[PDB]
Amino acid sequence: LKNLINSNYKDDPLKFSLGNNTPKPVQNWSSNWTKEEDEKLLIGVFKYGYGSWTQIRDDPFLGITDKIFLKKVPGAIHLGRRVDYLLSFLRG
DNA sequence: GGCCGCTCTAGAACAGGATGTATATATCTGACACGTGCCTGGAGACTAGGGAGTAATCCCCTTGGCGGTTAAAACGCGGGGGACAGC
């Protein structure tokens with residue numbers, strides 16, 4: 001992930017998009033989600049690493065700060081699984 | 001076209017980290033006792049001279065007695081002032 005994001009984007013990773021890779025949607029989360037929310041999450045994880053979920057959610061350039069919770073559906077485990085899928089798909 | 005397997009989500013359990021408190025253990029602190037080494041004083045030895053002790057005699061002082069006189073002490077009595085208790 002860091003190699004590909006540097007390789008194209010490094011001039012500014014805020015340029016990043018997942019592009020032609022079309023991910024499967026989130027399953028009925030309490031928040032609407034798209035390739036855009038995925039892309040912003042990926043840029044977050046690039047800036048702050050995996051599992052930095054407080055910083056990932058808090059960074060306002062990602063626009064996440066509303067969409068992700070501390071029994072509302074998506075949480076750290078769901079975020080982890082989503083990242084696992086997204087990176088597996090992009091590496092595929 | 002149908003059913004089962006696989007994947008994801010949800011719940012439950014366990015462990016670790018974080019924080020505060022209590023308890024046990026270690027360390028310090030001090031004084032005494034013993035050992036060691038060195039130096040000084042005491043102990044031992046010997047001599048000479050002075051002081052103390054001993055003896056005798058004489059003189060002065062102290063103790064005891066007598067007598068008289070005078071002053072002091074003791075006994076007595078009354079009144080006043082001070083001391084004591086109270087408030």
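Residues numbered from 1 in each chain as written, not as in the entry; some residues may be left out. Chains lettered and ligands numbered in written order. Part of a larger assembly, values for the part shown. Heavy atoms only, no water.

Its PDB record attributes the structure to cryo-EM, giving the resolution as 4.0 Å.

Take the environment of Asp-59 next. Following the sequence through the fold, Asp-59 ends up in the loop between α3 (53-58) and α4 (76-91). Separated by 18 residues in sequence, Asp-59 and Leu-41 have C-alpha atoms that sit 9.9 Å apart. Only 3.2 Å separates the side chain of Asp-59 from the side chain of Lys-47, close enough to count as a polar contact. (Helix = DSSP H or I, 4+ residues; strand = E, 2+ residues; numbered from the N terminus. Polar contact = N/O pair within 3.5 Å; in protein donor to acceptor, adjacent residues only side chain to side chain.)

All right, on to the packing of aromatic side chains then. On inspection of all chains with the given rule, the structure shows 4 aromatic pairs. Aromatic side chains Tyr-9 and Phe-16 sit 5.2 Å apart centroid to centroid with 75° between the ring planes, which places their arrangement in the edge-to-face category. Look at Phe-16 and you get buried, because its relative accessible area is 6%. Taking the centre distance of 5.4 Å and the plane angle of 70° together, the rings of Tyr-50 and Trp-53 count as edge-to-face. Note that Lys-24 overlies the ring of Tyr-85, its terminal NZ or CZ placed 4.4 Å from the centroid. (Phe/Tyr/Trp six-rings, centres within 6.5 Å; stacked < 30°, edge-to-face > 60°. Buried < 20%, exposed > 50% of the residue type's maximum accessible area, 1.4 Å probe, protein only. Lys NZ or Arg CZ within 6 Å of the ring centre and 35° of its normal.)

A few words now on the nonpolar core. Core analysis: the largest hydrophobic core is formed by 19 residues, its most contacted members being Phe-16, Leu-41, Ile-56 and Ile-64. At the level of secondary structure, the elements contributing two or more residues to this core comprise α1 (2-9), α2 (35-48), α3 and α4. Take this core: its biggest share by element is 4 residues, from α2. Those residues in contact with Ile-64 that lie beyond four places of it in its chain are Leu-41, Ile-56 and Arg-57. (Core = buried A, V, L, I, M, F, W, Y, C linked by side-chain atoms within 4.5 Å. Contact = heavy atoms within 4.5 Å.)

Around DNA strand B sit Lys-24, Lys-71, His-78 and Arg-81, and those are all the residues in its vicinity. In DNA strand B, the atoms that sit within 4 Å of the protein are 62% sugar and phosphate, with bases accounting for the remainder. The separation between a phosphate oxygen of DNA strand B and a polar side-chain atom of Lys-24 is 3.2 Å. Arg-81 has a polar side-chain atom sitting 3.0 Å from a phosphate oxygen of DNA strand B. Partitioning the surface near DNA strand B into residue classes produces no nonpolar, 1 polar and 3 charged. (Near = heavy atom within 4 Å. Nonpolar A, V, L, I, M, F, W, Y, C, P; charged D, E, K, R; others polar.)

Taking 1.5 Å per residue as the helical rise, α4 with its 16 residues ought to reach 22 Å, and the 22 Å between its terminal C-alpha atoms agrees with that figure. Residues of α4 that are buried: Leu-79, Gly-80, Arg-82, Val-83 and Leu-86. Buried positions in α4, seen along its axis, are confined to an arc of 165° and lie on one side of it. The exposed residues of α4 that point more than 90 degrees off its buried face are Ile-77 and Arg-81. Turning to α4, the residues buried within the fold contact α2 and α3. (Expected span 1.5 Å × (residues − 1). Arc of directions from axis to C-beta.)

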